[PDB]
There are 2 protein chains.
Amino acid sequence: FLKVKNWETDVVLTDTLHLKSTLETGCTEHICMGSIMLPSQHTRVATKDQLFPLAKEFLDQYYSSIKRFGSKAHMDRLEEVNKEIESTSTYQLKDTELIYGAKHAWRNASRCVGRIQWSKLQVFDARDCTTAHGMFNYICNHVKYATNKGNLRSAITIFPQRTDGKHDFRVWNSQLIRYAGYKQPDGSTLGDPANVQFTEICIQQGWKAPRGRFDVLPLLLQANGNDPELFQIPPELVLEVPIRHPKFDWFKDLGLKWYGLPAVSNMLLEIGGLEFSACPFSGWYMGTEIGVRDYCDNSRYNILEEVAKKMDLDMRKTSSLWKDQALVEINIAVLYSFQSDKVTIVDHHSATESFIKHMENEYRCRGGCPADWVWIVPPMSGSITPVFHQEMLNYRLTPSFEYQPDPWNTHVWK
Amino acid sequence: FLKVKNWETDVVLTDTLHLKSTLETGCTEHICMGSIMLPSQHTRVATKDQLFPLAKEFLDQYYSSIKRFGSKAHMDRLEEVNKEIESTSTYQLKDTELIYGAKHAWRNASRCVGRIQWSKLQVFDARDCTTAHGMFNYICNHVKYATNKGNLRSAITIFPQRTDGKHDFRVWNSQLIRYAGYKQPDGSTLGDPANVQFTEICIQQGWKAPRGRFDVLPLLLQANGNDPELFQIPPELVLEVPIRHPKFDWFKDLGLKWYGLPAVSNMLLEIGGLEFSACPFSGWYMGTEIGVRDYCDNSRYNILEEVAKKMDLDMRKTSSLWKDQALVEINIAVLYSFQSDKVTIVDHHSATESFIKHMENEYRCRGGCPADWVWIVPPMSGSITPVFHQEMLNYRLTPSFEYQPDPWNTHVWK
Ligand code: HEM
Ligand code: HEM
Ligand SMILES: CCN(CC)CCc1cc(F)c(F)c(OCc2cc(C)cc(N)n2)c1
Ligand SMILES: CCN(CC)CCc1cc(F)c(F)c(OCc2cc(C)cc(N)n2)c1
Ligand SMILES: C[C@H](O)[C@H](O)[C@H]1CNc2nc(N)[nH]c(=O)c2N1
Ligand SMILES: C[C@H](O)[C@H](O)[C@H]1CNc2nc(N)[nH]c(=O)c2N1
Ligand SMILES: [Zn+2]
């Protein structure tokens with residue numbers, strides 16, 4: 001029955017939810033791995049034995065959540081999936097069970113700061129899909145829907161669950177919308193250094209690249225374990241926001257822009273023991289992910305160099321904080337540009353206040369809220385946001401999202 | 001034999017030191033408390049039984065560190081302290097053992113980012129002290145020495161070790177040099193809200209307060225379990241740095257200043273099982289502790305309000321990032337002001353690079369380096385510094401510094 005304090009308002013909350021926790025963290029009594037990026041307990045193959053308690057555990061919380069726990073409709077659902085796990089050695093989720101499982105994967109994502117919106121998520125059932133073209137069609141309707149003309153809406157599309165393991169549905173993109181990265185002759189990088197491998201994989205499969213900076217990549221969609229195929233999202237569906245500053249008329253000249261929709265596609269959704277290897281999900285951007293991480297990371301776009309140049313800053317001495325100075329202007333510019341186009345974006349102050357507010361109801365109407373401090377605190381201005389001063393308990397509940405290996409290091413190609 | 005990666009340069013280091021670890025963290029396999037401020041394993045009473053293995057463990061690493069492990073001088077030291085623990089049920093450290101133990105407490109402090117300097121520490125042996133006046137004298141020589149006319153030097157003064165537990169030496173100040181906090185009639189706070197309780201404890205013991213903002217507090221020194229007594233550090237020893245900005249001539253008008261010497265006094269130093277309840281230690285400031293935390297924390301000096309006012313910023317809308325803007329200027333000003341007075345200060349970029357450099361040698365010439373990410377990453381501009389992208393293993397080695405309760409919630413007053 002542990003306690004977590006906020007050393008800015010002296011607020012104290014009581015976490016009992018951590019007792020329902022199941023998966024492991026990576027920490028022991030004699031070591032803490034809270035700062036390891038991809039721990040082995042966060043990454044993803046299961047059999048028929050363990051598959052039933054996982055179903056039982058899930059079904060029990062789903063009926064506990066509709067004030068119908070243990071009743072007749074529960075006990076028959078229990079025996080029906082029990083029976084079907086005898087028969088098939090797997091089972092199929094109801095439409096309502098999929099919506100619940102998906103929404104609570106988000107709820108349980110301790111590194112997500114946006115989770116105040118977990119209840120308002122739009123679940124698209126793509127479990128009837130059979131072909132890469134079909135996947136492309138479900139994904140286009142996802143992007144159009146979630147984008148909603150800049151009035152962004154939260155959504156997730158769920159392709160059929162893993163079974164044998166070799167007939168797996170996988171989006172090979174890490175996000176549906178990403179800018180291509182190209183290496184140069186001198187080794188330098190054009191576009192986005194992150195994707196330079198993925199960009200070559202797409203050109204390996206015949207992508208004619210318009211070798212520039214902000215080139216939207218094609219989708220690589222793998223259907224039922226078949227070799228993936230290229231598909232180009234209709235440009236009218238990819239909404240982009242050109243970045244301008246509300247003081248600097250030279251800020252246009254920089255020529256930066258960013259896509260409206262953050263939409264992660266390489267993750268695995270885990271419900272009741274069932275594994276959905278493809279399940280792209282989208283929301284809206286917090287400003288810092290673009291303005292701080294995308295733009296100013298060393299091995300990303302890396303623009304602090306030039307923003308300080310046009311600002312004419314003390315770029316000789318480290319202790320002038322010219323980097324800090326150029327970084328705050330870039331984020332004011334991101335926020336302003338997205339806002340002036342009615343494209344949904346949230347600032348790191350408002351999102352961290354909302355999270356503390358979210359954390360409040362989670363400890364009351366639920367008894368806790370798993371949170372990963374290392375990831376919740378924004379990557380700039382840490383301590384002026386209220387989450388820096390809030391203690392958080394991290395633990396692994398299910399349903400959940402997990403990392404998985406990349407398909408090109410596993411897919412038996414042919 | 002665990003691995004920790006740097007996701008900005010793809011550097012990988014191998015940590016074997018974590019195996020020598022002894023104390024516990026607070027985390028389990030099913031929960032991570034990496035974000036709890038004062039865990040129960042970090043806070044501090046022991047008997048005679050366990051006291052010998054602690055001596056044995058310590059003495060063995062001390063002789064292992066002088067290429068004289070297991071030799072004659074070792075084995076007799078082993079039996080000599082063994083004998084003396086039979087006799088007294090405690091023991092006394094050699095002068096060389098105290099210097100080693102103290103230096104490695106610093107080395108092992110996973111939340112310290114400055115540890116590149118751990119080998120260069122000046123150890124003052126105050127174990128002959130018997131009276132509060134004597135403590136005051138050792139502390140003044142500490143402050144004069146470590147301050148060195150603004151050319152700051154690292155040092156620590158070690159008062160006699162705990163024994164019975166009721167005759168304990170304790171500095172009641174949290175830092176030797178701190179500004180007083182006073183509450184107002186309207187509830188508001190003048191000076192430093194942190195110390196408002198300690199300021200009243202000093203006035204409880206007869207401090208005539210010059211009720212202002214930056215009033216250096218008196219020392220409250222407790223000697224051999226006796227009631228503590230007030231002492232006023234000679235003002236000529238308290239070096240202060242008036243804060244001015246290298247662009248804004250209105251920055252003087254703010255009227256801020258800060259003491260040169262950070263010097264923590266409320267901690268407990270643990271060596272070979274022996275507990276030193278008073279052991280003030282000083283170094284030099286990283287800029288952010290003043291400019292970010294002292295100045296801009298909500299329940300500290302809280303000046304973002306006024307710095308944005310004189311800067312004339314968009315103080316209506318949160319998403320203008322006026323807070324981020326006023327915060328970078330305050331830190332450029334801190335750095336500049338301290339530097340223009342030849343007073344040693346380090347910026348959060350240089351100190352975090354040095355730490356990564358330090359981490360490098362620690363994994364080579366030692367096999368590891370305990371690090372607490374939550375605390376190492378500076379409280380501003382997190383992700384432009386190289387420690388944000390560095391995985392770190394936190395574990396508890398000894399000798400170490402620990403938190404302890406406050407003496408006014410324990411001291412049997414009379
Ligand atoms: C609605 C607005 C949302 C915002 C503002 C938001 C913001 C963020 C941010 C800043 C992160 C940190 C990761 C990083 O820095 O790259 C994150 C992580 C994450 N979010 Fe949210 N997100 C939103 C919606 C969603 C949705 C719709 C889902 C899924 C249904 C989701 C699930 C996750 C997951 C799984 C992670 C990563 C956890 C991990 O790395 O293990 N989020 N989000
Ligand atoms: C020489 C320059 C030094 C610098 C720049 C420095 C900087 C820092 C900073 C920024 C912190 C984070 C704590 C906070 O934000 O309040 C810290 C923590 C700490 N430092 Fe260092 N420090 C220095 C010297 C020392 C020395 C001389 C000692 C002791 C011999 C020491 C031991 C510690 C300890 C024990 C902690 C706190 C660990 C905890 O909270 O459990 N440091 N230091
Ligand atoms: C380990 C490598 N990193 C960087 C490539 C992974 C980053 C990452 C992994 C995930 F699983 C995520 F859900 C994730 O969501 C970012 C995000 C998602 C949404 C819907 C909205 C938003 N505003 N932001 C971001
Ligand atoms: C839990 C409450 N917090 C804030 C009051 C404790 C802060 C704190 C605790 C410690 F043990 C420390 F050693 C510490 O060192 C700050 C510091 C020390 C030195 C020598 C140099 C420097 N540049 N900085 C700071
Ligand atoms: C080393 C560390 O695990 C890694 O850099 C993490 C730190 N915290 C983060 N937090 C967020 N939100 N996103 C990130 O990519 C990271 N990176
Ligand atoms: C909630 C959290 O434990 C607390 O705010 C910590 C976070 N990290 C920190 N890191 C440093 N260096 N100093 C601090 O006071 C804190 N505060
Ligand atoms: Zn942990």
Side-chain angles (χ1 to χ4, degrees), chain A residues 2 4-5 7-9 18 21-37 287 292-293 296-299 304 318-321 323-325 327-328 331-332 335-336 339 347 349-350 371-374 377-384 388-396, chain B residues 2 4-5 7-9 18 21-37 287 292-293 296-299 304 318-321 323-325 327-328 331-332 335-336 339 347 349-350 371-374 377-384 388-396:
Chain A
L2 303 155
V4 288
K5 188 184 179 182
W7 306 81
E8 195 216 291
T9 59
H18 73 273
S21 165
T22 164
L23 230 195
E24 283 190 358
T25 56
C27 299
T28 66
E29 305 103 276
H30 321 86
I31 203 160
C32 173
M33 264 119 158
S35 89
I36 293 289
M37 173 96 64
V292 175
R293 304 305 306 291
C296 300
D297 265 359
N298 249 348
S299 47
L304 283 183
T318 147
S319 42
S320 61
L321 311 189
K323 266 168 175 168
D324 310 67
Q325 248 173 346
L327 181 102
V328 173
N331 281 260
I332 296 181
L335 293 181
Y336 173 80
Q339 284 164 337
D347 71 54
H349 304 107
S350 188
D372 187 331
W373 192 102
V374 160
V377 176
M380 89 183 286
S381 320
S383 56
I384 66 176
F388 176 102
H389 315 292
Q390 175 68 53
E391 295 171 348
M392 298 161 196
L393 292 177
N394 193 18
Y395 44 92
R396 290 215 110 283
Chain B
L2 303 155
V4 288
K5 188 184 179 182
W7 306 81
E8 195 216 291
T9 59
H18 73 273
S21 165
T22 164
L23 230 195
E24 283 190 358
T25 56
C27 299
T28 66
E29 305 103 276
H30 321 86
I31 203 160
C32 173
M33 264 119 158
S35 89
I36 293 289
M37 173 96 64
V292 175
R293 304 305 306 291
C296 300
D297 265 359
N298 249 348
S299 47
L304 283 183
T318 147
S319 42
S320 61
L321 311 189
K323 266 168 175 168
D324 310 67
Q325 248 173 346
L327 181 102
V328 173
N331 281 260
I332 296 181
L335 293 181
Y336 173 80
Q339 284 164 337
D347 71 54
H349 304 107
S350 188
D372 187 331
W373 192 102
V374 160
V377 176
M380 89 183 286
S381 320
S383 56
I384 66 176
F388 176 102
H389 315 292
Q390 175 68 53
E391 295 171 348
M392 298 161 196
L393 292 177
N394 193 18
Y395 44 92
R396 290 215 110 283

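Protein chains get the first letters and strands the later ones, always in sequence-line order, with residue 1 at the start of each. In what follows, every heavy atom counts, from backbone to side chain, and hydrogens, waters and symmetry copies are set aside.
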Colleague: Nearest 0.5 Å please: distance from the SG atom of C32(B) over to the NE2 atom of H18(A).
Modeller: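 The NE2 atom of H18(A) is 13.5 Å from SG of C32(B), to the nearest 0.5 Å.
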Colleague: Look only at the side chain of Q325(A) and the backbone of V328(B), and say whether a donor-acceptor pair between them is shorter than 3.5 Å.
Modeller: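 No: the side chain of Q325(A) does not pair with the backbone of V328(B).
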Colleague: Taking every non-hydrogen pair under 4.5 Å, which of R396(B), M37(B), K5(B) racks up the most with chain A?
Modeller: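 The answer is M37(B).
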Colleague: So do the side chains of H349(A) and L321(B) get within less than 4.5 Å of each other, counting heavy atoms only?
Modeller: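 They are in contact (side-chain heavy atoms under 4.5 Å apart), so the answer is yes.
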Colleague: Going by heavy atoms in the side chains, are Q339(A) and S319(B) under 4.5 Å from each other?
Modeller: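 Heavy-atom side-chain distance check passes, below 4.5 Å.
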Colleague: Non-hydrogen atoms of chain A under 4.5 Å away: do they reach the side chain of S21(B), the backbone, both or neither?
Modeller: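 Side chain only.
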Colleague: Counting heavy-atom pairs under 4.5 Å with chain A, which one of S299(B), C296(B), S320(B) comes out on top?
Modeller: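 Top option by heavy-atom pairs under 4.5 Å: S320(B).
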Colleague: CH2/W7(B) to CG/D297(A) distance, rounded to the nearest 0.5 angstrom?
Modeller: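 Here the rounded value is 13.5 Å.
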Colleague: Supply the atom-to-atom distance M380(B) CE to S383(A) OG, rounded to the nearest 0.5 angstrom.
Modeller: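 Here the rounded value is 8.5 Å.
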Colleague: Applying side chain to side chain contact (heavy atoms under 4.5 Å, CB included) to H30(A) and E24(B), what does each step give before you reach the verdict?
Modeller: CA-CA 5 Å; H30(A) 321 86; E24(B) 283 190 358; 4.0 Å; yes
Colleague: How many angstroms lie between CG in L327(B) and CG in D324(A), if you round to the nearest 0.5 Å?
Modeller: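 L327(B) atom CG to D324(A) atom CG measures 8.5 Å (nearest 0.5 Å).
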Colleague: Donor-acceptor pair, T25(B) side chain versus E29(A) backbone, under 3.5 Å?
Modeller: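 Yes, the answer is positive, given that a donor and an acceptor are paired below the 3.5 Å cut-off.
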Colleague: For chain B, which candidate among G382(A), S381(A), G34(A), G287(A) shows the most heavy-atom pairs at distances under 4.5 Å?
Modeller: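 Of the options given, most contacts go to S381(A).
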Colleague: Given heavy-atom pairs under 4.5 angstrom as the criterion, report whether the side chain, backbone, both or neither of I36(A) touches chain B.
Modeller: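 For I36(A), backbone and side chain are both near chain B.
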Colleague: Select, from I31(B), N298(B), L335(B), the one with the greatest count of heavy-atom pairs under 4.5 Å involving chain A.
Modeller: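 Most heavy-atom pairs under 4.5 Å with chain A: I31(B).
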Colleague: Got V4(A) and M33(B) here, is their nearest side-chain heavy-atom distance under 4.5 Å?
Modeller: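 The answer is no; the side chains never approach within 4.5 Å.
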Colleague: With only heavy atoms counted, which part of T318(A) is less than 4.5 Å from chain B, the side chain, the backbone, both or neither?
Modeller: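 Both parts, heavy atoms under 4.5 Å.
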Colleague: Could you measure the distance from the OG atom of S35(B) to the CZ atom of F388(A)? Nearest 0.5 Å is fine.
Modeller: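 These two atoms lie 11.0 Å from each other.
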